[PDB]
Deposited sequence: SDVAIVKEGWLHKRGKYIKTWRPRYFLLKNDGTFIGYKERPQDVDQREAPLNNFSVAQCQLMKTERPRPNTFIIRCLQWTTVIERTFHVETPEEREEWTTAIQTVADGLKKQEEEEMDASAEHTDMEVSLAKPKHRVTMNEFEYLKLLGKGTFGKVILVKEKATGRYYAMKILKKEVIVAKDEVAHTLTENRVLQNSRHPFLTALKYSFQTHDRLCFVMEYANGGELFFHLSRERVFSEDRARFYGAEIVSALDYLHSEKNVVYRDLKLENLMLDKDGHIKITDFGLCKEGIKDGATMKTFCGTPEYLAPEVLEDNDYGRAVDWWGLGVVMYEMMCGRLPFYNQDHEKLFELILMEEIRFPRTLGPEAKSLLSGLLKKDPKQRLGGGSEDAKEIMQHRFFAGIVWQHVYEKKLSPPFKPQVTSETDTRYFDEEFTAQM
């Protein structure tokens, strides 16, 4: 059982719209720190909301009595910023949060100390060629590198060390972490880079994918998100067409190249943002099924379901406007997309207790053997024009 350690109202800084919003936060003893539109009455807790292993800053700009939770989540540094009315309030909160976090590190260390089983056994920047900037965030950059000794290509995420201070995933369509090392002032993650090209480029050249082509890519995405949701208890919150690449054989790869940009331009890409993220509401696994819907609409229709060059009007489209479909789209596709793009997460396909299973049973995916998807036994509809892992057809 997870009991409430401290609860109350905070002003949460907004990333997309209203900048400062009052929210009712519960800090629980499992480490979750979650804000709601209103104080709630009564799913599985998401690690996205954990304060475990966070660092806590007090600050006075741009508002007095603000404080910051900074966490490293897998390979991404994220910052949550809050404001209270009195400095005494801020000390109650930072102290409660630290106490919950410390108690979590404590019981954890005692448990692994007790269970270590002759796992008590005791790479540098020079080893790599910089090739090309892939992204810059507030606390790091992501670069395409060539590992000198092997000639292989990787993305390297380079983080500022002082904002932070074997666990990989067995899913074939996620970005695997190859090495992790540190320098005197940096933490570097070396992760795989697919050389079958960017799906945004493939879609742009083909104009549209057939429903069957989109079915193949969507299935692989569904299987990766299911894995994240139910094995890792994390939501991705970053699904967009540009974060999908193909490997040398035509199988999907979801990239892990994102960096938060708060404090350097939105963080993500606005046209893929789910309504509950825009409004800074309580969100859960269902934000990813919204992202799946935007990506598959784009795949099957050749364009976005919501677009406007003015991001203020795009947000309004995302929040208010009902979705329209090209006249050629079939009804199973339409059923899938409008279920994925329900504005209310509570109504959204995948937004119920069953999560991915709701999508895997949708008649648009009928006939898919989900075990063969996970084992890469489905035959790719498109084989990219590379015949080696070190082939640079799709960068040069």
Missing segments of the deposited chain sequence, listed N- to C-terminal: 1, 44-47, 128-136, 180-193, 293-299, 432-438
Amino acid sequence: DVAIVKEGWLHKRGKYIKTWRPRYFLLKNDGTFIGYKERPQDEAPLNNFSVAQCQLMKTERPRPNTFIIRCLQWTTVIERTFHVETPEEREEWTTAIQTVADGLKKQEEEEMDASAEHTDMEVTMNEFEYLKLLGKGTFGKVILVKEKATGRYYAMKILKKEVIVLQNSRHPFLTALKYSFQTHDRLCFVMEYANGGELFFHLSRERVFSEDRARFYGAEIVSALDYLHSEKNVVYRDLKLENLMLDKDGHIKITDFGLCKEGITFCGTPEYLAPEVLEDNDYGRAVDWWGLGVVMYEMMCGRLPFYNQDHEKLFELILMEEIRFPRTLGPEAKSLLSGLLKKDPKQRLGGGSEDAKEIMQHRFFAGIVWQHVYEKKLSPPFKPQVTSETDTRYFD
From here on, numbers count along this sequence of modelled residues.
Per the entry, higher mean C-alpha B factor between 44-52 and 335-343: 44-52
62-70 versus 359-367 - which carries the larger mean C-alpha B factor in the record: 62-70
Options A176, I264, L241, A274 - largest CA temperature factor per the record: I264
Criterion, highest CA B-factor; candidates, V235, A224, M121, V77: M121
Modelled-residue ranking by C-alpha temperature factor, third containing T255: lowest
Relative C-alpha B-factor of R213, binned into the chain's lowest, middle or highest third: lowest
Within-chain third of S204 by Cα B-factor, per the entry: lowest
Chain third (lowest, middle, highest) by recorded CA B-factor, residue given as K146: lowest
Lowest, middle or highest third - CA B-factor, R324: highest
